[PDB]
Structure formats: C-alpha cells, structure tokens
Amino acid sequence: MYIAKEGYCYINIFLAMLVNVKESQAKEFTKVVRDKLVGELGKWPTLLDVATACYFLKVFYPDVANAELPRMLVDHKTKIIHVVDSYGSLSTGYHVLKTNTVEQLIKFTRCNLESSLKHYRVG
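Structure (structure tokens):
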C-alpha cells in the first residue's frame, strides 16, 4: 500500500521501509511518519530533507538501512524527483536516480560535494 498524492509521494520512501521493521514496531513507525515527519517536511520537500528524515529513522530502526526504495524519476527541467512504485517508464539513464536503497540515498546525500540534485524537490 503506497500513497498517490500531489507533492507527498516522498511518503512512499518511508512506507517502503516497513518491510524491514518488526511487526511489534509497525504502528509506532507509521505514527512517526504520519504524526511527525510529514508535518515537518510538508509538500515538495527537497531530496536532502527527505534523506535527512531517513537518517533520523535509521538511528531508531537500524534494519531500515537495507530497505529497497521505489523508483525515483528525475525531471531536470522542473528540478523535481517523482517517487513511483510502478511499471511503465524508465529503468536507467539520465532520468532515473540510482539510489536503490535507504543506505544508498543516505550515502549519496551525505557527500561533502554540493550536488544540485540534493536541492531538487521530491513528491
């Protein structure tokens, strides 16, 4: 179960993590996402701010680091990254951000180099 709402599809990154949290912790995790993170991030948050929230969750739910992420499609014209767990589009190349797991997103985003990509909006 993913969400499909304008500017809030970054929420699917967090939902993708649920497969790596214990059943005894699922309700609590979902409440952190819904009651804390969404309110702080708002609509069309930057990639950096999303990855930063992932890092926050990782320190409390360490197994989440290995969770696979939905496909992330990049529009360099609008500077927007669309989160899609779907069939028909692109698999590789200039329009697909190859951060396949939480840890990969964290690694990309924590680098000292100032990539323009960190500041694209996600949703």
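Going by PDB author numbering, the first residue of the sequence shown is number 336, and it counts up by one from there. Even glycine gets a Cβ: it sits at the ideal position worked out from N, Cα and C.
Other residues of its chain near residue i: CB distance less than 7 Å, five sequence neighbours each side excluded
{"i": "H430", "result": "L408 and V409"}
{"i": "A339", "result": "none"}
{"i": "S450", "result": "none"}
{"i": "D384", "result": "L376"}
Residue range of the beta strand (DSSP E) that includes residue i
{"i": "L382", "result": "Per DSSP, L382 belongs to no beta strand (DSSP E); it is in the alpha helix (DSSP H), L382 to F395."}
Supposed close pair residue i, residue j - CB separation, criterion 8 Å
{"i": "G458", "j": "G374", "result": "Going by Cβ atoms, the distance from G458 to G374 rounds to 15 Å, so no, they are not a contact pair."}
{"i": "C389", "j": "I441", "result": "6 Å"}
{"i": "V437", "j": "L404", "result": "7 Å"}
Beta-carbon proximity list for residue i, same chain, < 6 Å, skipping 5 on both sides
{"i": "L372", "result": "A388"}
{"i": "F349", "result": "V368"}
{"i": "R406", "result": "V419"}
{"i": "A400", "result": "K393, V437 and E438"}
Which residues DSSP lists as bridging residue i, in chain order
{"i": "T444", "result": "Paired residues: none, contrary to the question."}
{"i": "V457", "result": "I416"}
{"i": "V431", "result": "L408"}
{"i": "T436", "result": "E403"}
Reference residue i; option with closest CA among the options
{"i": "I416", "options": "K433, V394 and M336", "result": "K433"}
{"i": "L382", "options": "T444, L448 and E438", "result": "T444"}
{"i": "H411", "options": "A402, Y422 and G428", "result": "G428"}
{"i": "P397", "options": "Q360, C446, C344 and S451", "result": "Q360"}
{"i": "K414", "options": "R456, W379 and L392", "result": "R456"}
{"i": "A402", "options": "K357, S426, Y422 and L376", "result": "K357"}
Proximity test, Cβ basis, 8 Å: residue i and chain C
{"i": "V431", "result": "Of the protein chains in the structure, only one exists, and it is not chain C."}
Boundaries (first-last residue) of the alpha helix (DSSP H) holding residue i
{"i": "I346", "result": "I346 to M352"}
{"i": "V356", "result": "No alpha helix (DSSP H) contains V356, which DSSP labels as neither H nor E."}
{"i": "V409", "result": "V409 -> not in any alpha helix (DSSP H); beta strand (DSSP E) instead, spanning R406 to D410."}
{"i": "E449", "result": "Counting along the chain, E449 falls outside any alpha helix (DSSP H), and DSSP gives it neither H nor E."}
{"i": "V373", "result": "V373 to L376"}
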